[PDB]
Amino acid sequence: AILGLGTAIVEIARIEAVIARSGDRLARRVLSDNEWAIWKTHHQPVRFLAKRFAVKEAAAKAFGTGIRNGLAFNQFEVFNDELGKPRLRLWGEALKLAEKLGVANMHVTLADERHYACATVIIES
């Protein structure tokens, strides 16, 4: 059964503007350790960040809570499987919420165009 659904659209130029304002501080804030390692050596760091931000926002919506009760963007880790498909890995409070809700499967998709990154997340029992 579907336990939740979330979507996000991110203006890549906005992420770019935040980076101009505060350097790597947005990345330090929203990225897990594994994602941070990827960001550091990524070919297009702004685009990577915009995409990960989109998944994290969609995930928070999919859990039906948004960011609250000790949740945080850095607890929603994006990784890719061997074929390139995006996946979610949960940490701390996010992981505890998933276990409480009885989450068995987390479906993630990412898309981008020149100006926008979009993501949709479905969580399932």
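A residue's number is simply how far along the shown sequence it sits, counting from 1.
Checked against the record, the higher mean CA B factor of 7 to 15 and 104 to 112 lies with 104 to 112. When the mean C-alpha temperature factors of 33 to 41 and 94 to 102 are read from the deposited coordinates, 94 to 102 comes out higher. Among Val55, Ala27, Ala72, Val46, the highest C-alpha B-factor in the deposited entry belongs to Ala72. Residues shown: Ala62, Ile67, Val78, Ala50. Highest C-alpha temperature factor in the entry: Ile67. Among the modelled residues of its chain, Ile123 has a C-alpha B-factor that falls in the middle third according to the deposited record.
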